[PDB]
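Visitor: structure here, sequence nowhere to be found:
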Ligand SMILES: Cc1cn([C@H]2C[C@H](OP(=O)(O)O)[C@@H](COP(=O)(O)O)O2)c(=O)[nH]c1=O
Ligand SMILES: [Ca+2]
């Protein structure tokens, strides 16, 4: 997999944001995770976590997996990096997302994320508290 450039247009919630990619605006949905909705418990905390990470980054990058690059809603499906740190992983490590939506052929980072989830759960963080 390869990292590609994008710029933040606006934060949306814990697992989506509007980015400019190849010069076009797109909503991106993080691969392999599920954050609570803003109206759910830990929703506002997930939204704030991703917002800070993406708004504070000097450099945002998107990394597509080997399979589908857009979902049925026209959202980009990617691993997102903020100054080299993967947002998807960071959310899971903090207990603010669960590993989820692991479709075959788009699951390169599954084991990395499951290890983070196991650590979050061991620490009883947030969703696991
Ligand atoms: C994360 C992801 C979600 N989706 C679709 C599945 C779910 O369809 P349904 O909308 O029919 O439930 C929806 C979940 O996204 P959200 O968690 O953003 O709602 O997005 C994919 O198709 N591929 C993916 O990799
Ligand atoms: Ca969600």
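Guide: It's in. Numbering: from 1, shown residues only. Ligands and ions are numbered 1, 2, ... in the order given.
Visitor: pretty sure residue 17 belongs to a helix, no?
Guide: No. Counting by DSSP: H, G, I helix; E, B strand; the rest coil, residue 17 falls outside a helix, being strand.
Visitor: off-centre distance for stretch 65-83?
Guide: Centre-to-centre, stretch 65-83 and its host chain are 9 Å apart (Cα atoms, centre = their mean, to the nearest Å).
Visitor: ugh, wrong one, stretch 52-69
Guide: That offset, for stretch 52-69, works out to 8 Å (Cα atoms, centre = their mean).
Visitor: any idea how far apart the tips of it sit?
Guide: Taking Cα to Cα, to the nearest Å as the measure, stretch 52-69 stretches 25 Å from start to finish.
Visitor: that stretch near ligand 1 at all?
Guide: No. Stretch 52-69 stays clear of ligand 1 (Cβ under 6 Å from any ligand atom), getting no nearer than 6.7 Å. For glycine as for every other residue, the C-beta is placed from the backbone atoms N, C-alpha and C.
Visitor: helices or strands next to the longest strand seen in the chain in the packing?
Guide: Scanning the chain for the longest strand, with DSSP state E as the assignment, gives strand 3-11. Where contact means 3 or more Cβ pairs under 8 Å, 6 or more residues apart in numbering; DSSP states H and E, strand 3-11 is packed against strand 16-21, helix 43-56, strand 60-63.
Visitor: and the angle for the first one with strand 3-11?
Guide: Using axes from the mean of the first three to the mean of the last three Cα atoms, to 10 degrees, one finds that strand 16-21 and strand 3-11 are set 130 degrees apart in direction.
Visitor: which residues does residue 77 contact?
Guide: 28, 29, 31, 64, 65, 68, 69, 70, 71, 106 (Cβ atoms under 8 Å, 6 or more residues apart in numbering).
Visitor: would you write a ChimeraX line that selects the buried entries of those?
Guide: The ChimeraX selection below is limited to those of the contacts of residue 77 classed as buried (16 or more other Cβ atoms under 10 Å):
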select :28,29,31,64,65,106
